[PDB]
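Trainee: Pasting an experimental structure with its sequence.
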Amino acid sequence: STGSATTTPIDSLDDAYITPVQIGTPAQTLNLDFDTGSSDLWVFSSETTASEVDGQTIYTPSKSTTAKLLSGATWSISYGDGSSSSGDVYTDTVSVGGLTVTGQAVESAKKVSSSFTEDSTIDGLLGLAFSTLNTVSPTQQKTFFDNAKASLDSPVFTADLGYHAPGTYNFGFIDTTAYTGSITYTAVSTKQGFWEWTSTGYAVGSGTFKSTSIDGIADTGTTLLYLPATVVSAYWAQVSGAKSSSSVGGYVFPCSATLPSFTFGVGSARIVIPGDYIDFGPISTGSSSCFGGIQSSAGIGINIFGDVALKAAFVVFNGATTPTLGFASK
């Protein structure tokens, strides 16, 4: 089997991407944030504290003839940005772009933190990291990909995120028309439950490539590119007037600037992030100070190849017995 679904930016900055997901019978379509950095499929629901729902579409398990309460199961998750959610668990039928999993754990939120409430466009998350990170207790549950894997034509999914435009998540096949050149594959460590890999270096603009190992995660659920302070300083030094602002919480730059590209290495191959991808616009409405899309990972504890990086590539998440990651230009 295979599936194919369009993923759409939630706003003009590509702050996140939503993908429609069918849950239950009859189908209830919710727009979920596909997140290769976590492993829980959770939704706003009829059980979510009413004051914490503000415009989201909810899953109502009582209206699904295939929903079953997973007795005794609870979940609770905290994300790197300080947001959180928690609740109980149903199993139900879940379909993504024509690919159907029966008995998928659908984690129903009883509580969500303010950032989730305040974002009316995201109805929940669909985790695509390794199932070892799943938070369901006392019986850990499998991700959608993990459940689908054996049925897929090939045990893979691909992320093809757009810049200020829709893109595609495919399951079970590689669309050879969606990228240019070849896909370069690179080793993955699953030891921390992430799609963790090691970039071979970077370049800033038309500058020379610096060969250096950068361990990080391919994370579709993180907006920006978070790299070591040395690398980030080298990038922003090429932008006149750019500075790290403690009050804002990262590097800012004059909105009048033209940003240089940023290249990262995948083995001997190179992925080029155009300068415009690194612009996250005014820090506040009307400001001429703009927020940078490349930021320091110092104090995160891990480097994160988030959407800014991933949207410059066609990315293969290869879930073979020994997982690997593939990157192609597009």
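Mentor: All right, it came through fine. Numbers count the residues shown, from 1 in each chain.

Trainee: contacting residues for residue 100?
Mentor: With contact set as CB atoms under 8 Å, 6 or more residues apart in numbering, residue 100 has these partners: 1, 93-94. In this view, the C-beta of every residue, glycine as well, is placed from N, C-alpha and C.

Trainee: go again using 10 Å as the cut-off
Mentor: Contacts for residue 100 (CB atoms under 10 Å, 6 or more residues apart in numbering) come out as 1, 3, 22, 93-94, 148, 151.

Trainee: Narrow these to those that are buried.
Mentor: Buried members of the contacts of residue 100, counted by 16 or more other CB atoms under 10 Å: 3, 22, 93-94, 148.

Trainee: before we move on, the earlier item: let me have the contacts of residue 100 in JSON lines, extended by secondary structure and distance to residue 308.
Mentor: Formatted as JSON lines, those follow (DSSP: H, G, I helix; E, B strand; the rest coil; distance: CB to CB, whole Å):
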{"residue": "1", "secondary structure": "coil", "distance to residue 308": "32"}
{"residue": "3", "secondary structure": "strand", "distance to residue 308": "26"}
{"residue": "22", "secondary structure": "strand", "distance to residue 308": "30"}
{"residue": "93", "secondary structure": "strand", "distance to residue 308": "34"}
{"residue": "94", "secondary structure": "strand", "distance to residue 308": "29"}
{"residue": "148", "secondary structure": "helix", "distance to residue 308": "28"}
{"residue": "151", "secondary structure": "helix", "distance to residue 308": "33"}
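
Trainee: now the buried ones among the contacts of residue 100 in a markdown table, with distance to residue 242?
Mentor: Shown next, in a markdown table, are the buried ones among the contacts of residue 100 (distance: CB to CB, whole Å):
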| residue | distance to residue 242 |
| --- | --- |
| 3 | 41 |
| 22 | 44 |
| 93 | 49 |
| 94 | 44 |
| 148 | 43 |
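
Trainee: Looking at the residues you listed, which is nearest residue 133?
Mentor: Nearest to residue 133 out of the buried ones among the contacts of residue 100 is residue 148 (CB to CB; 17.5 Å).

Trainee: roughly how far apart are residue 260 and residue 85?
Mentor: When distance is defined by CB to CB, to the nearest Å, residue 260 is 38 Å away from residue 85.

Trainee: more neighbours, those two?
Mentor: residue 85 (26 against 19; other CB atoms under 10 Å).

Trainee: so the more buried one sits right up against residue 113, yeah?
Mentor: Yes: using CB atoms under 10 Å, residue 85 is in contact with residue 113, at 6.6 Å.

Trainee: okay, and the common contacts of these two?
Mentor: 52, 78-79.

Trainee: Now the two most distant members of the contacts of residue 100.
Mentor: Distance extremes for the contacts of residue 100: the farthest pair is 22 and 151 at 16.5 Å, using CB to CB.

Trainee: Assumed residue 146 was part of a strand.
Mentor: No: Residue 146 sits outside any strand when classified using DSSP: H, G, I helix; E, B strand; the rest coil, being helix.

Trainee: Any idea how many residues pack against the spatially closest residue to it that is not a sequence neighbour?
Mentor: Leaving aside its chain neighbours, residue 146 sits nearest to residue 131 (4.8 Å; criterion: CB to CB, 6 or more residues apart in numbering). By other CB under 10 Å, 18 other residues sit near residue 131.

Trainee: quick one, what contacts the residue nearest the centre of the chain?
Mentor: With distances taken as CA atoms, centre = their mean, residue 220 lies nearest the centre of the chain, 1.8 Å away. Shown in contact with residue 220 (CB under 10 Å, 6+ apart): 7, 16-17, 19, 33-38, 128-129, 159, 161, 169, 195, 305-307, 310-311, 315, 317.
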